[PDB]
Amino acid sequence: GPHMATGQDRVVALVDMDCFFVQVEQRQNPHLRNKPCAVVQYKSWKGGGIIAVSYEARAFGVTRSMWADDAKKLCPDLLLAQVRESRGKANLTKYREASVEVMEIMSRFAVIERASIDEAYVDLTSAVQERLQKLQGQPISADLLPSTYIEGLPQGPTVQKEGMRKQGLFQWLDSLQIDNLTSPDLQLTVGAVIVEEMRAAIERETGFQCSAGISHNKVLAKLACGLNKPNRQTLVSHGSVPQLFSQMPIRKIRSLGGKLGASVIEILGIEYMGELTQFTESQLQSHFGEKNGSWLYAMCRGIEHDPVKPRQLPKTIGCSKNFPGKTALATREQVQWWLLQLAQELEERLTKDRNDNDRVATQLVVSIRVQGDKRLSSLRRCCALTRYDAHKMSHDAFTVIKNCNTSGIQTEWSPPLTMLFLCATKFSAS
DNA sequence: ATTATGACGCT
DNA sequence: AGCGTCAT
Ligand SMILES: Nc1nc2c(ncn2[C@H]2C[C@H](O)[C@@H](COP(=O)(O)NP(=O)(O)OP(=O)(O)O)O2)c(=O)[nH]1
Ligand SMILES: [Mn+2]
Ligand SMILES: [Mn+2]
């Protein structure tokens, strides 16, 4: 009872940009704004592959992973923006730079953990304590939470979406105990006030809209963020978890959408996250390993301890290109030329990183996939990265992979290469 | 012929 | 170190 810690000692937020690459292109080209729009890579095969979709286009069924030609079948008026091509490959620099814009704004409010190109976690515990001190026991006005949903509310004792949002927020605020500076629900609420401010700053200073989740840990904050996209934020309280999880398919939790989640479902004969509560920690560890079992035991109760890492910058800088079907690389000249193209993009990104961030990569990882291998990487080899020189980097990558070529002929490459991947790692302060 | 990444955990 | 998983 009293000693049963409830995982309520942090306030954590997840901010995720809405249809990010689309918004970057819509900012640049006003003709794309408020339109069914998608961003594609390449064009020749099937119109190119969609990687981002505006909410207007989603209404027609357009999704990521879909070929543009098929998306145009669903949405004949769909507008498309193509990712830049440089050195024969997709070049995502514009979106990385836009990401830095957003990350730098978020860092004004708190130390952030860059989780992807378009989203970051925020540990707001300390900022919340500060704002609570300033509030001096003053209640929180609904006016300070103009885009916030309270998950699970309204409940009990109404036709529009905004009305339901406000009804739930009123029910939440009316139940708050604002004289207790240690109440977790009050802390989450102040966290949501701060996140409104953060999202307002992002939109004012970049033009980009985002959604956010506020809860007591990273998993719940991420889940919360997705509940009311776009352009809204959602508060998931500890108390909302039993009802939320009682009908939550296990695969919606970050980390359980793959083989492990399928094994939870099949071994235990359950469907929803809430059903996990009936098992002991030891039973879950027996099926899924010590670490996974402890994580599942706490997570189905709303408890997760993974810290918000103080990391605004990516840990690696990588360049990759697939060569599908008849485009697979079958000669040594081809392999060398594309290793050089990848290495030249890598050199440019690494040099900019060194200038911006006062660090140097020290390890080069070379990954290839070979024809007939379904795995992502057929082979990974590391070597030293001692100079930011594309020619050296590509020569070294060739040296570490050249023993893969089973061809007796010096010129041919067999079996052909369907992917090249260069990734700079193990950064050191310079 | 989804593609381009990037984060990890395992052994 | 190299491989596998998850993510999108
Ligand atoms: N190159 C590449 N980029 C991708 C891929 N998947 C996503 N991206 C890029 C394009 C995405 O814009 C960006 C962020 O990914 P999300 O947050 O998962 N999706 P979004 O922000 O679009 O919509 P929502 O409002 O639902 O969050 O990452 C991919 O497979 N490949
Ligand atoms: Mn997003
Ligand atoms: Mn995202």
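No hydrogens, no waters, no symmetry mates; every other heavy atom, side chains included, goes into these values. By convention in this document, chain letters (A, B, ...) are assigned in the order of the sequence lines, proteins followed by strands, and residues within each chain are numbered from 1.
Taking the six-membered ring for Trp and the full ring otherwise, A:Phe20 and A:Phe208 have centroids separated by under 6.0 Å. You'll find the ring centres of A:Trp337 and A:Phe323 outside the 6.0 Å limit.
A:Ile253 has its CD1 atom 14 Å from the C1' atom of C:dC6, to the nearest Å. What separates CG of A:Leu364 from P of C:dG2 is a distance of 12 Å, to the nearest Å. Spacing between atom CD1 of A:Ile51 and atom P of B:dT2 amounts to 16 Å, rounded to whole angstrom units. Atom NZ in A:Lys222 sits roughly 17 Å away from atom P in C:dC6 (whole-Å rounding). Note: CD (A:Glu119) to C1' (B:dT5) measures 14 Å, nearest angstrom.
Expressed to the nearest 0.5 Å, how far CD1 of A:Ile202 lies from CD of A:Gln209 amounts to 11.0 Å. Going from atom CD of A:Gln283 over to atom CZ of A:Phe288 covers 10.0 Å, rounded to the nearest 0.5 Å.
Mapping A:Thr327 and A:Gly318 onto DNA chain B via the closest heavy atom, the residue that lands nearer the 5' end is A:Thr327. Along DNA chain B, the nucleotide closest to A:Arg311 and the one closest to A:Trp45 are compared, and the more 5′ of them pairs with A:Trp45.
Each of A:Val219, A:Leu284, A:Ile303 was compared with A:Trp295 under the side chain to side chain contact (heavy atoms under 4.5 Å, CB included) criterion, and only A:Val219 meets it.
Remark: A:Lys291 is in phosphate contact with B:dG9, judged by side-chain N or O atoms under 4.0 Å from OP1 or OP2. When the side-chain nitrogen and oxygen atoms of A:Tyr95 are compared with OP1 and OP2 of B:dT5, none of them lie within a distance under 4.0 Å. At the phosphate of C:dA7, neither OP1 nor OP2 sits under 4.0 Å from any side-chain N or O atom of A:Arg251. A sub-4.0 Å separation between OP1 or OP2 of B:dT3 and a side-chain N or O of A:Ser320 is absent. Contact annotation: A:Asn322 side-chain N/O to B:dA4 OP1/OP2 distance is under 4.0 Å. Contact between the side-chain N/O atoms of A:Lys309 and the OP1/OP2 oxygens of B:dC8 is found at a separation under 4.0 Å. At C:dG2, none of the side-chain N or O atoms of A:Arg375 fall inside 4.0 Å of OP1 or OP2 (strictly under the cut-off).
The residue A:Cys319 sits close only to the backbone: its heavy atoms come under 4.0 Å of sugar-phosphate atoms, none of a base. Residue contacts shown for A:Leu313 are absent, as no nucleic acid heavy atom lies under 4.0 Å away. Within 4.0 Å of A:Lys315, counting heavy atoms only, lie sugar-phosphate atoms of the nucleic acid but no base atom. Counting non-hydrogen atoms under 4.0 angstrom, A:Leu379 reaches the backbone sugars and phosphates but no base. Across all strands shown, A:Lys326 has no heavy atoms under 4.0 Å from either base or sugar-phosphate atoms. Contact annotation for A:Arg96: backbone-only contact, meaning every heavy-atom pair under 4.0 Å involves sugar-phosphate atoms and none involves a base. Contacts of A:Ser116 with the nucleic acid, taken as non-hydrogen atoms under 4.0 Å apart, are absent. When heavy atoms are screened at a 4.0 angstrom cut-off, A:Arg369 is found touching no nucleic acid atom at all.
Taking the centre and axis of the six-membered ring of A:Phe60, the NZ or CZ atom of A:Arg58 falls outside the cone set by 45° and 6.0 Å.
Contact check of residues 54-81 of chain A against DNA chain B (heavy atom, cut-off under 4.0 Å) returns A:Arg64, A:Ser65, A:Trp67. For the segment residues 256-266 of chain A, the set of residues with a heavy atom within less than 4.0 Å of an atom of DNA chain C comprises A:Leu256, A:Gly257, A:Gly258, A:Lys259, A:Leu260, in numerical order.
Proximity note for A:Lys321 (side chain, C-beta onward) versus C:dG2, B:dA4, B:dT5: the nearest is B:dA4. Looking at the side chain of A:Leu92, the nearest of the listed nucleotides B:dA4, C:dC3, B:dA7 is B:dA4.
A:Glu347 places a side-chain N or O within donor-acceptor distance of the main-chain N or O of A:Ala390, the cut-off being under 3.5 Å. Judged by distance alone, with hydrogens and angles left aside, the side-chain atoms of A:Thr351 form no donor-acceptor pair with the main-chain N or O of A:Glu348 at under 3.5 Å. With A:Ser240 contributing its side chain and A:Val236 its backbone, the two residues share no donor-acceptor pair below 3.5 Å.
Closest non-hydrogen pair, A:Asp118 versus A:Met103, comes out as C-CE, 4.3 Å.
Judged as a side chain to side chain donor-acceptor pair (under 3.5 Å), and not counting sequence neighbours, A:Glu151 has no contacts.
Annotation: B:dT2 and C:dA7 have their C1' atoms spaced 14 Å apart (nearest Å).
Judged by atom type and distance alone, A:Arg380 reaches the base of C:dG4 through a side-chain donor-acceptor pair under 3.5 Å.
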